[PDB]
Structures are given as C-alpha cells and as structure tokens.
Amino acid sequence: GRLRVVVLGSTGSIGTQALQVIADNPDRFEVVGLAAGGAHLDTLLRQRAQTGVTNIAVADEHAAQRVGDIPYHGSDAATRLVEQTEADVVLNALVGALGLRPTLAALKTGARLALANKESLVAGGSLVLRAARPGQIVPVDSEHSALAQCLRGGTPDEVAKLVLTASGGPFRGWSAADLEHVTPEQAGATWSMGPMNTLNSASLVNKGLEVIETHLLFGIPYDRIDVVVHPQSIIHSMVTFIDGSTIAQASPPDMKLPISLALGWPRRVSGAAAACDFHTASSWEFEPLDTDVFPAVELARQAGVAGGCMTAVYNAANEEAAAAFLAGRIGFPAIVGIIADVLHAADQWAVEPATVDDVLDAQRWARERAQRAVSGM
C-alpha cells in the first residue's frame, strides 16, 4: 500500500534524491512532512508548493522569520514534527548531532526509521540502540544497504565476516611519503556532498565511521568487519558466510537505490536505478588497504570496541582535525594522528551515554582536546 513518509533534511542531497524517488512512485509513497535547517529556505518553500505539504518544519527560528506560516519552527521543530505527525517511515537525512534527537523521537513513535544521519549511531550509539527495536532502523548508506541485502543470504549465526568496500579516495595506493605533502585541494575540498565528505573518504575516516555504524546496526564484532579497496565502487559491500560463500551487492553508483530500498523496506522499488550492464566488458578490482598508511579504520575499531561515548569522541576529534588541515594548520597525515591522540586520553568517555547532553559533552571534550593538539597548548 501507500507509505506515509516524513522527510527530515528535505533540502539536502539525500533528502532531495528521496523526493525524486517519491515523486516517481506515488503508488508507494506519500510525503506528509518536510523539515530543513533554514539555510535553503527557498528550496523548502518550493517543495511546500510543489508537493502541497503544509506540514513543514524549520530548525532555525531566525530563518523561520522570513516565512510566517511554518507550523514548526525553532530548535526542536523537526522533533516536534516527528512527534506530532502520523507516519509509517521517517527519513532522517539531517546533518550533524542535531539529527540525533529526531532519530530518538522517530524510534519512540514506532515508525520505521530510514537513517542517513551519521552521528545518530556514531555519536548517539547506545542511546539509539536502547531506543530502537529490531528491523526498525533501515540504513540509507550504500555500504549498509548492501550489507542488509547480502544478509538475506543466511542466518545471523552463519555470518563469518562483513566486508565493506572502499573507493580508496584520491590517494589510493599512495606511499606515506607521498601523503606528507597532500594539500586540501588534492584531497577534494562543491554544491552538495563536498566539504567534509571528500576529506573523510580521502582519509578513510568515512570508512572508519561506516565500520562503527556496521557494528551497531548489525551486531558483528569489530574483528569480523573488514574493509577492502574496490576503485570502481560497483560492489558496495558483501558478506562472507561460514561455509565459505560470499554474497555481494552490486550496482552502478546511484544513491537513489539504497534510498528507495530504505523507504520501501522490505519491498524493492521498480526502476529506482540502473542495473550493472554485462553486455559490455568491465572489471571489478580489489586490493588490500595498507593500514600502516591509512590507520583510520583500525582507529575506529579501537574507539568502537571501547564503546560508550568513544565513537562520539572519534568523530568529533576528526571534525576538528580535518578543519585544522583544511585551514593549513596541520599536515594531512596529522588528521588521523590527532584523532589517535585524543582517543588515547579519553578513557573517561568509555561510559555509556545516559542523555543527549552526554553525547554533546563527549563531543565538546574531543574538539577542545584536538584543538590543543593542533595548537600545541
């Protein structure tokens, strides 16, 4: 039947692709809510106009000043819209830890949560797990989407390993010597998924973050979650079972596919994306990740094994470190060095967070600690 969808982060990259999917499938989906931050207010108003959804929220009260007929506005608007709207699916495509609370509200309503917001799991960790029930969270990320598909290839008891694929970033195969002179422009650093995104995939912190999320979503121990470099990005991830069989998910890159699947779970959406084409020659290459040169994934596994607020620390330390590198203050290899520095001092943050404020507090501590590492103070 028709699923009722609240789209949080409607004006972002994931949120707009989801509305594409939804417009293309009015049989299967209906938008009943939209929420945005306020920075792209004009897009939200166009979206109100073109979908006819008046049930909309704007996080920034100051930006909400420009409109006058928003039923939900201010710091807790997305949360309140989630609380007050009857829905079957909440797509959380918000950016930053501000996505955490709307995630919790979504879980509490009993609606299915299509999760795009990284920090919900990476920072919110045990808060989100305590609040989620099985099958409630469906991941939007292509790796995690792939994993959920491949897991249909056996029972949980039959899983030997989860293998995430990684593009390798622009410095795939580079020596550590080469990495010493990397500049922001070489590493990426765009009108959409640009800024922080390209930097995390150049540094493989993005993979580290994905490894944590994989553990939290799927329950597989960190020592059985692998990463392989796969430059074409056709195989998005795979699962090795205990008999030696590997099941893999494959498609030409297009976020509309995992997005469509997150929305319609467990039923697939006819024509969401183009299939692989075996009418023409091609190849899928794999190479191991050099973990001496890129220890960002192993760092994440250490933070993840520590647990509690530690992955909040890991991510926050990264965000500060990358900023220092983007600002010319530090060298590229120093990004993961500062992250490790902060993690080594953070033993107090192994406790389980009780509240959102605990997560935010972990985050502030990591930033300050990383800031001191950058400045030598």
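Start at 1 with the first residue shown and count on from there.
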{"item": "Interval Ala272-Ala273, deposited residues with no coordinates in the entry (none, 1 to 3, 4 to 9, 10 or more)", "value": "none"}
{"item": "Mean C-alpha B-factor comparison - 145 to 153 and 123 to 131, higher one", "value": "123 to 131"}
{"item": "Higher-scoring stretch by recorded Cα B factor average, 349 to 357 or 5 to 13", "value": "349 to 357"}
{"item": "Among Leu94, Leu209, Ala111, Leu115 - the residue whose C-alpha B-factor is largest in the record", "value": "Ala111"}
{"item": "Highest-ranked of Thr190, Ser167, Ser251, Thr240 once sorted by CA temperature factor in the record", "value": "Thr190"}
{"item": "Third assignment of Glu285 from its chain's C-alpha B-factors", "value": "middle"}
{"item": "Ranked against its chain, the third holding the CA B-factor of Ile235", "value": "lowest"}
{"item": "Third of the chain's Cα B-factor distribution that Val313 belongs to, per the entry", "value": "lowest"}
{"item": "Among modelled residues of the same chain, the CA temperature factor third for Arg268", "value": "lowest"}
{"item": "Third of chain Cα B-factors occupied by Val293", "value": "highest"}
